[PDB]
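One structure below.
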Ligand SMILES: O=c1[nH]c(=O)c2nccnc2[nH]1
Ligand SMILES: Cc1cccc(N)n1
Ligand SMILES: Cc1cccc(N)n1
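Protein chains in written order, with this note's numbering: chain E, 1 to 1053; chain Y, 10001 to 10240.
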């Protein structure tokens, strides 16, 4: 009577990953096995033709092996035919399938990636051994460099040779004022954007002074000496270096004048370091403007700098030593596109590899359309012919658009479909190639499958190009041939036709000038309606009235540069007359603010002139600070570019080669996506250029790259053979493995990918351990090997988690980090803790460990009475008092109340995963911060959803009590009146920057993140912010929203 | 006029995946907004040709006629104007919505198998290339020795003839039988490559049969949830 005795006959518990809830797989140290056996037999192929088979240890170096091989070769026949061991090198077939020559003989058998365990002996061919250290580049990249050399495509081979332009330019900037500018590349100044200080930071200074501590070392280099200055906040490093030397070298045996002489000689030989990490203060900025200082102000800390001899810094730097690689037109005055007098017609031919149930589906056809982001003609299909079985339409499809009216950035978007409408595969092609040449002939387009979120019929946002995956639907087709390669107009030609279309525009009848897209006004009310349009966000989609209204007035729209995004989307790109005019505006349109200009690199602006202007904006306004804040979005936005070689790619590559802190995250963001075939080609070639030009950092990256690979392999085994073993058993395997010499080599001496400022020295394995989570993350711990470890942190520790897709967290943390800077630099102190997170592969990454923080659950478990009845509402409050006592308590509650307000707003806005006691965290000092955000923009609204507008952080009693300093009926205090007013002032602040947050999310559609498939995903953040409404309504909306989830509290302003 | 049936976001989630022609209809900005999908938004006596006295008057005229004569490039008409037991329709919502969510996970599970199988396949293909290249080196090695070995015979012969040439032939036999193992090892992958390639196709197949059900199961669930909301916003979540 529970189930009405209704049997489920299909069901059977034996034979899902629902039981113990992943992403995989990979081959490690040898083919089909994760870690090679500790003692292994390796077949050594000699030049005398003999196979002698050595038992080597897993860990053995190639020097050690060679030395033993030629000992064991004396025992085998034809020994007299062998040279000295010194006149030979090793080679073998690797897991990437290439025959890599083994030059660095200090390398170990396990680290070679060998496929089958065998080694051939040879005399080293290709006498430039220097040149065959492209393996370095190929190891850094993840695919071998030779894999590009055998690629047919001219674009790819032209990208490789052309982009060297940029590489040479940047290396010239580096060796300009050497050694200074070489140090300036490596250790750029880590510096807040504004020198101007927020009022609340200032008031921790007593009229703008800080107490600093300059450190020095003298003899031999053991003892150190504090020199505790008290200098103006906006005095520069050179002034701080003087005053430290002044005090260092005052004496009873040195007169007033004698000091000043001894200052001037000594002063310029030193520069300022940060004690405990490789940061430096190498240029004229206010001390406050460096990040490290400003933290030391906010955290109530005394900066610990170090005086460092310039020749001990310029000792530690190397030579940049760039080298040009071993890889070092037009038919006629060909037939210009504007001559080609015809409509568009494309011939569909046949799909081959279509996988469909004949039982389920009736009929299948090819859908088609032309696009520019949005579409320049009426969509069409071909008839429902030869359905299922063989699919073969020999039709010319007929598109109502003239061939001269195709814009430079025009694209065919097609999709095989089922009838009941429902897509099977999809693929998109650019109607022009990278040499401006209109596509004519026969193409072999291999197709992509429909993703999760896209249930739509065609997918125009999807990537241009064929699928690299062969065994998929290959729909071949034919384009119309016009007895000549048809090339796109010059700008010299587009300009003239614009100057004609405008000079023509001046002479029509006014009788005719009422067609609702042409201006004669030369009104006061209109000019207010235009800047009204300008202020609205990207997703407030424009009407046909507003479009034509904008398009007519386009020349007045120069007064309001910031309108441009709206204007561009108002041009009819199917009208070359219009487009040629627009081209002339953009040529000399007033450059704009990057936050607005970044919209122009999203998928709704795919024209090259537009995107050029947008890069032009970044060349002017965007600073090396603001670039690395938005880098993620700019690396993402490359995917929407038509061709490999373009202005944005050349902008970013240079900046990366100009600044080794951008360079670092630029590598890892690309290298992250290298598993993804949509971008394997593009990002490989780009990463080849960086890795060829970036100087000695290639060797630093190779060590990071080698370390991450060791940990991928280690966890891969923990997650597969050592599942169904107790932690005790697992840890005893993890400890066993990390003590091996290859691991100790590979995992000890290198830089944190999370922040290469911090070095990572030896591994303290006693603090190294696996967490509880069934993803099997590693808690890794390293000795900070800085001279001044003790002044910053003796131990460094970060979490390596093979198993989760970090890049949602990565982005929500980014978004928080931005909201904080927006709030704070606009004078109001809420304190978010956007901890660090870095995706370095396919669901592999690194998370910063914030020390002295705890899940509320722990707070309540520790401070929870025995004889388990119920946890107390106060035991957070009691735990936090137990930490902060005196006037210290009063300021700890301020921190909780300042962080907790900001984390309420961001969370509510971003719609992130439901907050609860195991993903909220409080620190000893009393700050609250969220962790493990899951899905951001309300992505569990795919199941139902519909006007949910969720409050994820709901302030239970626990949190309320602590905000209200231990009272009862916390709801009704001033403590809470303050809190409420923070939440309102925070909410409204983000709402006036809501263009940015939309825009950032817009640029992220490129990444294959389930949570961002299409613009209406993003649109959640409009409702959440109430951008359609007026701001007082937005305020009351937010109150209403926060009041219902809490049940009473919020109704007065 | 109010019962003529007529924010931005929910209009698009009802105009999502409809045909070429489907439509519907700050006050200090404008009054009413026609959202024709070709999404083209058109503002609204009710621009110059204002003689249409109502919100229902203005929409009937362009149901018959196209919008090319009004604004040049809009050659598209307004062609598609898209159980009394209130509890039992709400029960059906949960049922279809469980069936949708249940059908989605089967679709999401397969997408991973597809994508793993893509990777595992191509990992096999690269291994094959590697095997082939590995063999080429051993085929070259069994060649390389035939030059130097049978040159040694002719240098002397008499000097430990079978004493030397046995231990040269032994090596040569180990060289070739090892090649036999590798070639056998390559084949054994290629057979599994097609077994993978077979399974791969079967995932593709089953995805494409699950998709049209998924869309129609979703589309019903929308209209079921529409008919209910013709308020009770918060009771929906228990079913849903
Ligand atoms: O015609 C093309 N063939 C390709 O293989 C290709 N691959 C990547 C990007 N575009 C491409 N375009
Ligand atoms: C003989 C050959 C051709 C192409 C690629 C490779 N690895 N080998
Ligand atoms: C839904 C839609 C249509 C046309 C352009 C854009 N950006 N979006």
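Ideal Cβ positions, reconstructed from N, Cα and C, are used throughout, including at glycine.
Quick check: is any heavy atom of ligand 2 less than 7 Å from the C-beta of residue i?
| i | result |
| --- | --- |
| residue 97 of chain E | yes |
| residue 10129 of chain Y | yes |
| residue 10133 of chain Y | yes |
| residue 150 of chain E | yes |
Given that residue i touches chain Y, what residues does it touch there, using C-beta distances under 7 Å?
| i | result |
| --- | --- |
| residue 116 of chain E | 10134 |
| residue 452 of chain E | 10108, 10111 |
| residue 422 of chain E | 10211, 10212, 10215 |
Please look up how many angstroms separate the CB atoms of residue i and residue j, rounded, as I've assumed it's under 8 Å.
| i | j | result |
| --- | --- | --- |
| residue 610 of chain E | residue 651 of chain E | No, residue 610 of chain E and residue 651 of chain E are not in contact; Cβ-Cβ is about 15 Å, not under 8 Å. |
| residue 937 of chain E | residue 1021 of chain E | 7 Å |
| residue 10017 of chain Y | residue 10076 of chain Y | About 17 Å; that fails the 8 Å criterion. |
| residue 377 of chain E | residue 399 of chain E | 5 Å |
| residue 817 of chain E | residue 839 of chain E | Not quite, the Cβ-Cβ distance comes to about 16 Å (not below 8 Å), so this is no contact. |
| residue 653 of chain E | residue 690 of chain E | 7 Å |
| residue 424 of chain E | residue 473 of chain E | 7 Å |
| residue 884 of chain E | residue 844 of chain E | That pair is no contact at about 38 Å. |
| residue 397 of chain E | residue 382 of chain E | 6 Å |
| residue 415 of chain E | residue 361 of chain E | With a Cβ gap of about 15 Å, residue 415 of chain E and residue 361 of chain E do not count as contacting. |
| residue 754 of chain E | residue 798 of chain E | 6 Å |
| residue 62 of chain E | residue 90 of chain E | 6 Å |
| residue 953 of chain E | residue 903 of chain E | 6 Å |
Cβ-heavy atom distance between residue i and ligand 1 below 7 Å?
| i | result |
| --- | --- |
| residue 333 of chain E | no |
| residue 465 of chain E | yes |
| residue 157 of chain E | no |
| residue 829 of chain E | no |
| residue 436 of chain E | no |
| residue 153 of chain E | yes |
| residue 289 of chain E | no |
| residue 681 of chain E | yes |
So with CB distances below 9 Å, who are the chain Y contacts of residue i?
| i | result |
| --- | --- |
| residue 993 of chain E | Per Cβ cutoff of 9 Å: no residues; residue 993 of chain E is ~20 Å from chain Y at best. |
| residue 1019 of chain E | 10008, 10009, 10012 |
| residue 59 of chain E | The premise fails here: residue 59 of chain E is roughly 23 Å from chain Y at the closest Cβ pair, so nothing lies under 9 Å. |
For residue i, go through chain E and note every residue whose CB falls closer than 8 Å to its CB, in chain order.
| i | result |
| --- | --- |
| residue 10141 of chain Y | 45, 49, 51, 120 |
| residue 10048 of chain Y | 514, 516 |
| residue 10197 of chain Y | 471 |
| residue 10205 of chain Y | 355, 356, 357 |
Taking C-beta pairs closer than 8 Å, name the residues in chain Y that residue i reaches, listed in chain order.
| i | result |
| --- | --- |
| residue 360 of chain E | 10208, 10209, 10212 |
| residue 97 of chain E | 10126, 10127, 10129, 10130, 10133 |
| residue 541 of chain E | 10008, 10039, 10041 |
Run through chain E and tell me which residues come within less than 7 Å of residue i, C-beta to C-beta.
| i | result |
| --- | --- |
| residue 10201 of chain Y | 355 |
| residue 10153 of chain Y | Per Cβ cutoff of 7 Å: no residues; residue 10153 of chain Y is ~12 Å from chain E at best. |
| residue 10144 of chain Y | 49 |
| residue 10148 of chain Y | 48, 49, 78, 81 |
Contact between the region 50-59 of chain E and the region 29-42 of chain E (3+ Cβ pairs under 8 Å): By the Cβ rule, the region 50-59 of chain E counts as touching the region 29-42 of chain E, because three or more pairs are nearer than 8 Å.
Given 8 Å, three or more beta-carbon pairs between the region 442-457 of chain E and the region 998-1017 of chain E: Short answer: they touch.
Closer than 5 Å to ligand 3: residues, by C-beta to nearest heavy atom, in chain order: Per the CB criterion, closer than 5 Å to any heavy atom of ligand 3, the qualifying residues run in chain order as E/374, E/604, Y/10039.
Segment contact flag, the region 383-397 of chain E with the region 422-432 of chain E, C-beta cutoff 8 Å, min 3 pairs: Short answer: they don't touch.
Stretch-stretch touch, CB-based, cutoff 8 Å, three pairs: the region 225-234 of chain E with the region 206-216 of chain E: Between the region 225-234 of chain E and the region 206-216 of chain E there are three or more inter-stretch CB-CB distances shorter than 8 Å, so the stretches are counted as touching.
Stretch-stretch touch, CB-based, cutoff 8 Å, three pairs: the region 713-723 of chain E with the region 19-37 of chain E: Contact holds: three or more Cβ-Cβ distances are below 8 Å.
The region 10052-10065 of chain Y / the region 10179-10188 of chain Y touching (three or more Cβ pairs under 8 Å): Segments in contact, no.
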